[PDB]
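Report on one structure; see the data block that follows.
Just so it is clear, none of the values below were taken in a lab; they were calculated from the coordinates. Heads up, the Cβs are rebuilt from the backbone with ideal geometry, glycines too, and the neighbour counts pull from every protein chain shown.
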Ligand SMILES: O=c1[nH]cnc2c(-c3cscn3)nccc12
Ligand SMILES: [Zn+2]
Ligand SMILES: [Zn+2]
């Protein structure tokens, strides 16, 4: 993977101000090809003054992550636990039982992860509805991105928790997210508010179908039951397992005060190093509409009506698409049309 490598951007305050323009910019640079990019905000930017007032914040459905498996192939089962505050969570997170092990370098922590993920199941304070951004913060506000995704809520009034609303994730050592693509193969924004880092793995969109073929071969039962079983967010595949079967991939560690952008059809997975808090939501560009149209969905779920997007940005193709005669082939290497002013 030569251009599939993950790229890091350091925008200035003037550049950082227009979110959508910056997304068109990093694509004009080829960031989209890796499926995952890191954006480091200007030093003068902060989304909240202090995180000292969130101790009484309630995580309504903490999930205990049970992992079953061997030889680089695992399945994560989520067991819902009773609601707990952030204070109670941080106590468990930093406790002797669940705290991060002592380690010399990342390669060492990543080895401990993969050696111990079926043991001592951690608790993930996942899918908490809310934001930690102060009301006045106008730059890169997860709560209000203002992308073309806004058409879903503007035309219908439909709200999809986590998709067009922000979610909070309070993690602890070994908690994790399985290989997946966003709902409707949308983009995603992820900001690590505070705490220990979040490490990520990504398969470039051009090679996504290869990860899909692999996962099918390993879990044929799941594949017969549902074409899009990776959408269940239960499949954990070791970087060694990928390397062995020639799946190209890249890794990156996100630290507190950094952003991670996932692009349409960008397969990603990762784990939390220790006690931290990340905010996340989905967004879109004109480039995404074709991905939404062609997204293979779960058949066991988030389904957005594409009719509104096709009508607005693709009126020419609306008759053909509704007839099922739209044979458009997606080029994963191409940037969004919005990047025209740069490239
Ligand atoms: O750290 C995470 N914790 C939980 N979920 C994550 C997702 C995710 C979940 S649903 C779509 N993307 N994607 C990236 C990172 C995370
Ligand atoms: Zn994701
Ligand atoms: Zn399914």
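Fewest-first ordering of 336, 118, 12, 100 by other beta carbons within 10 Å of each residue's beta carbon gives 12, 118, 100, 336. Distance from the alpha carbon centroid of region 64-138 to that of region 1-38 works out to 28 angstrom. Neighbour counts of C-beta atoms inside 10 Å place 312, 244 in the sequence 244, 312, starting with the fewest.
For region 83-150, the Kirkwood estimate of the hydrodynamic radius, built from every pair of different alpha carbons, is 15.7 Å. Counted by neighbouring Cβ atoms within 10 Å, the residues 33, 311 run from fewest to most as 311, 33.
With 10 Å bins beginning at zero, the pair-distance distribution over Cα atoms of region 172-264 amounts to 14, 45, 33, 8, 0 %. Only helical runs count toward this figure. For the chain, summing -39,500 (n - 2.57) over DSSP H runs of n ≥ 4 and dividing by all residues gives -6000 deg cm²/dmol at 222 nm. Overall shape of the chain was characterised from the C-alpha gyration tensor. The equivalent ellipsoid obtained from it has semi-axes of 30, 25, 20 Å, in decreasing order. Relative contact order of region 119-250: 28 percent, from C-alpha pairs under 8 Å at least 6 residues apart in sequence. Among rounded, prolate and oblate, which fits region 208-315 when a ≥ b ≥ c are the square roots of the eigenvalues of its C-alpha gyration tensor, a/c under 1.5 means rounded, and a/b larger than b/c means prolate? Oblate, since a/c reaches 1.5 and b/c is not below a/b.
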